[PDB]
């Protein structure tokens, strides 16, 4: 359990005093829960962490109850940004961040859009930030925005793949963190400009 806090994701904007409906379970956007994701929905998840079986736009997607297209942060293109995750129950696993470089609030984000910009960690270590220790609190991740990419209505997607289930690793082996895991996604509305 945790949420993208800086910039604030859609279901957490109430915490900062925005006029968006509150979600007191904003730490629980776990794709409808593990069994719903993996037993009901074939491993699929909404773009923004909702149960995949809900119709689009889902509650945390643009046009859903929490998706009012209110920009919560403005960044310079190509800059290093520092994002904060509030981790309430610190399940082992890793985080990834994707940018849908959308320019119109009336079109809907898709995973294909997000997948065009998988964000690199500023430290050069790749695309996955690993939370190695079970410690609740605020985790900061420094990310490099892609050079030359600007967007007036961007969506930032945080993905958390937990690692607390044992499964077939596919190499003849099984292991902790192999196979399907509980997953979280959160979306935040941001803008990126040359400035």
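Positions refer to the first chain, counted from 1.
Mean CA temperature factor is higher for 79-87 when stretches 79-87 and 112-120 are set side by side in the entry. When the mean C-alpha temperature factors of 176-184 and 19-27 are read from the deposited coordinates, 176-184 comes out higher. Note on the listed residues 131, 48, 156, 151: the highest Cα temperature factor in the record is that of 131. Among the modelled residues of its chain, residue 35 has a C-alpha B-factor that falls in the middle third according to the deposited record. When the modelled residues of the chain are ordered by C-alpha B-factor, residue 137 sits in the highest third. The PDB entry assigns residue 165 a C-alpha temperature factor belonging to the highest third of its chain's modelled residues. Per-chain ranking of the deposited C-alpha B factor places residue 53 in the highest third. Among the modelled residues of the chain, residue 73 sits in the middle third by CA temperature factor in this PDB entry.
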